[PDB]
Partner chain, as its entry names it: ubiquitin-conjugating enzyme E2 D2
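In the block that follows, a single chain appears as structure tokens, in the form deposited without its partner chain.
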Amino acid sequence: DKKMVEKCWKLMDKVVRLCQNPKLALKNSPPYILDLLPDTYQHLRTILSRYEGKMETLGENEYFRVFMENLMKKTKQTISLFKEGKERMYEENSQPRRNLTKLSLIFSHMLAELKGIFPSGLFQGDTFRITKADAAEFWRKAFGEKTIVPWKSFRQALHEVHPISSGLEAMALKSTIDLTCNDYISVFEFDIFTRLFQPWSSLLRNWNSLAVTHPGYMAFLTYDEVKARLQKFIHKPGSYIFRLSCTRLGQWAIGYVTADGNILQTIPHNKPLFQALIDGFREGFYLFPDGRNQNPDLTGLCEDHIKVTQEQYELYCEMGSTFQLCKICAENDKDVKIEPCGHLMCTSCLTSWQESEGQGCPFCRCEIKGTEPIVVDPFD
């Protein structure tokens, strides 16, 4: 639907204007929303070119359709973020702004995925090559040529090989792999996650111990936020953190303090994260993840168990791994506000609530006196 791409242009344009504001003060540093959106628009025009005449193939293409749906949602969400946050947007350190940053990361991830599926504007998803032969077999085994699969399809397919303990691990995990934040998993996102958490053999264990349980891990963080967050530890060298690399999607980015008192960041090209992090502790560089005195022992990921509590998965999610999700289920979008208390949640948890556990709010117990529908929580 050109009407689809049209409609989406108008919205993206509105976001560009909002973001061009002088009071906002965006730095050109990746991820840069002011490049991301016109770039996305331009790739989409490319694709539209290739399918002139053969536009029904496109109309049938599930991925493109799903992509457009999510492109609209996210721009609409960014537009209302500006409306609800108002003057907050111009405060560098505000939570509404922080949310702007997160959306910049998502737009970045989305574009990466779009080009990876329609490179040169040509649908090559049904021909996509996963990097790890291990993971690649898993996908074609479970999903054949599919480009995307609903999260739940994916969760149950994955479960038969790598055991997923609970609904919290599953939500902590979805938060990690679902980069486009749309409850689908694409062959592409699959690809990145399996790259980031190699080897496939100990996939979830690596993820658990590297992402979930590791306090050096920063979810949804950018190069500049890293360099920003290691400021209080400029004076405590060996302080380090890490996050997904944004420009080299699928790779890691360790930021760290030096004895010199400056902040560098590096991308291990091949070598696996725990090894990189092991040698790194060893050779005296990465010693204090997020400034804390105790650095985790990761040997054995190279080969005993130990367990992540529900408390811990709840922390990981609570601490920004999720984007605009209900804090109750950590699964559904926050789409509703409770009055008078003002607490936000998804309608799925609220409905289940009012009908089974009674008229009080889930977080604070105050009587639900009314409801406003919402599209974004600038303070998520």
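Numbering follows the first chain given and starts at 1. Residues that one form lacks are left out of the comparison. We call the rigid core the largest set of C-alpha positions that still match within 1.5 Å between the two forms.
Separately, the form solved in complex with its partner chain exists; it is not shown, and the next lines address it.
Asker: Answer for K337 alone: is it within 4.5 Å of its partner chain in the entry with it bound, judged on heavy atom distances?
Answerer: Output for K337 is no: heavy atoms all beyond 4.5 Å of its partner chain.
Asker: Determine whether any heavy atom of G320 comes within 4.5 Å of a heavy atom of its partner chain in the entry with it bound, and answer yes or no.
Answerer: The answer is yes: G320 has a heavy atom within 4.5 Å of its partner chain.
Asker: Counting only non-hydrogen atoms and a 4.5 angstroms cut-off, does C329 reach its partner chain in the entry with it bound?
Answerer: Because a heavy atom of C329 falls inside 4.5 Å of its partner chain in the entry with it bound, the answer is yes.
Asker: Using a 4.5 angstroms cut-off on non-hydrogen atoms, would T57 count as touching its partner chain in the entry with it bound?
Answerer: Looking in the entry with it bound, residue contacts with its partner chain do not include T57, since no heavy atom lies within 4.5 Å.
Asker: For the three residues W353, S356 and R365, verify that every one has a non-hydrogen atom within 4.5 Å of its partner chain in the entry with it bound; reply yes or no.
Answerer: Yes, each of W353, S356 and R365 comes within 4.5 Å of its partner chain in the entry with it bound.
Asker: Using a core superposition, identify the member of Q231, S201, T309, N293 whose Cα displacement between this form and the one not shown reaches 2 Å or more.
Answerer: It is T309; the other listed residues stay below 2 Å.
Asker: Please check if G370 moves between this form and the one not shown, taking a CA shift of 2 Å or more relative to the superposed core as movement.
Answerer: The answer is yes, as the C-alpha of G370 shifts between this form and the one not shown by 2 Å or more after core alignment.
Asker: Rigid core aligned, does the Cα position of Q359 differ by 2 Å or more between this form and the one not shown?
Answerer: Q359 C-alpha, core-superposed: shift of 2 Å or more.
Asker: How about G320 - superposed on the rigid core, does its CA move between this form and the one not shown by 2 Å or more?
Answerer: Superposed on the core, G320 moves its C-alpha 2 Å or more between this form and the one not shown.
Asker: In sequence order, what stretches of at least three consecutive residues shift by 2 Å or more at the Cα level between this form and the one not shown, with the rigid core held as reference?
Answerer: 304 to 380 is the lone stretch that moves between this form and the one not shown.
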